[PDB]
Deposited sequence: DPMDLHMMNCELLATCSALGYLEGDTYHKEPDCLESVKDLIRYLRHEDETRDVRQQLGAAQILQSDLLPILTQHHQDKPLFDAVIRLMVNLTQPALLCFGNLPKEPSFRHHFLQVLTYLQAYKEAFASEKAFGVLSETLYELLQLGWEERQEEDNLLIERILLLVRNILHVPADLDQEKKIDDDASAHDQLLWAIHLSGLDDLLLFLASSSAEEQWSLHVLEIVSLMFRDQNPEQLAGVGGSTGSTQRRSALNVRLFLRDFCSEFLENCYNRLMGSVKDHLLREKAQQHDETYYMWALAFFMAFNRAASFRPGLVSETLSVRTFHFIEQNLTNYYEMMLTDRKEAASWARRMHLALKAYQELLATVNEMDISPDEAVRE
């Protein structure tokens, strides 16, 4: 706290449009990570750093201007991933007391501010360049530090798109920065590549969050975001269906079935099935582009999930509202299957 404020002033400063580090910068960044790992139940550390606007005043300048210092750039990414964590995941559940509730809402206020700071083509430019380079390396020729940095970049993009909650202009600005930086092309590459199946859950979360404000029939152009953002999303969705959906949805489902222990969030799969099958159908694309989720096996899988959610809503009563939300996403996916099959007669 006094330690915390001394560490923050030992990062650097901006002389005009230029950021000057201090020689103990990498050290200070890592100290801030240690503080965040020892914070109380108030999440005081991330609240203090949020109040101080360290992410904006220091970390983003370091990221954009000093990205050739490899250990420091990696340290800053780690810190930003932790600082951009969804507020639900920081406090666990929603505070009912007027105390923790003021905290939760302060954490969320800082998340919303980080989301607007990231509205910048140079931030995403640096992330996309770095990701591009990391992926040029063959899959079995890059080190665990390389895969670990891929993972953190994807988690950071995920977290920034997630703000403020689970499944207007700020998100739109992020989408445009994703488009202008080329990160859109890296996401499509990752989705369509058998060799990058380890990243498929991360990529599906990012793609689903990119489309969160959108209506699939409207986007398909047979009847909110600015027109040039909607056109970019239409183009992205078209390419995604043409080249990526079957592969990505097949790999996600594989992870979901093989890694039950990890309690992956399978709501992104349910959300994506309903959105992208609705778009494919509205656009009159060929059925083959959604064949992976248009099958008896998919009916069975959605039915299994809907049964499980419904049973949990009735037995895990302390979380009944969360299970009801999951049940609603599964049901919407089932309705889209039924609507698609019913138009095949």
Counting from residue 1 of the deposited sequence, where are the gaps with no C-alpha coordinates?
1 to 8, 176 to 184, 241 to 248, 371 to 379
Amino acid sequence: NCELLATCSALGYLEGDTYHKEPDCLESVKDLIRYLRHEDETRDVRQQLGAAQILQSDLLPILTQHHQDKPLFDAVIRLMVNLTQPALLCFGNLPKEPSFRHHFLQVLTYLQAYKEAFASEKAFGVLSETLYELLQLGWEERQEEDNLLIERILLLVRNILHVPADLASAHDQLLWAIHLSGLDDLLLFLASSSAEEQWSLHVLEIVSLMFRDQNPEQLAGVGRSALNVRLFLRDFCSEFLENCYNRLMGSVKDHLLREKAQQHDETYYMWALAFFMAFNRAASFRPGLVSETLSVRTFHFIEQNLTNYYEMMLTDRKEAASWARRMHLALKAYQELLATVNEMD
From here on, numbers count along this sequence of modelled residues.
Out of 277 to 285 and 31 to 39, which one has CA B-factors that are higher on average in the deposited record?
31 to 39
When the Cα temperature factors in the entry are averaged, is it 41 to 49 or 295 to 303 that ends up higher?
41 to 49
For the C-alpha B-factor as written in the entry, point me to the maximum among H103, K253, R230, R247.
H103
Check the PDB entry and point out which of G182, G92, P216, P164 has the largest C-alpha temperature factor.
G92
Going by what the PDB entry lists, where does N342 fall on CA B-factor within its chain: lowest, middle or highest third?
middle
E97: C-alpha B-factor third of its chain, per the entry, is the highest
Looking at the C-alpha B-factor of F240, is it in the lowest, middle or highest third of its chain?
lowest
Using the B-factor values recorded in the entry, state whether the Cα atom of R152 falls in the lowest, middle or highest third among the modelled residues of its chain.
middle
Ranked by Cα temperature factor within the chain, is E205 in the lowest third, the middle third or the highest third?
lowest
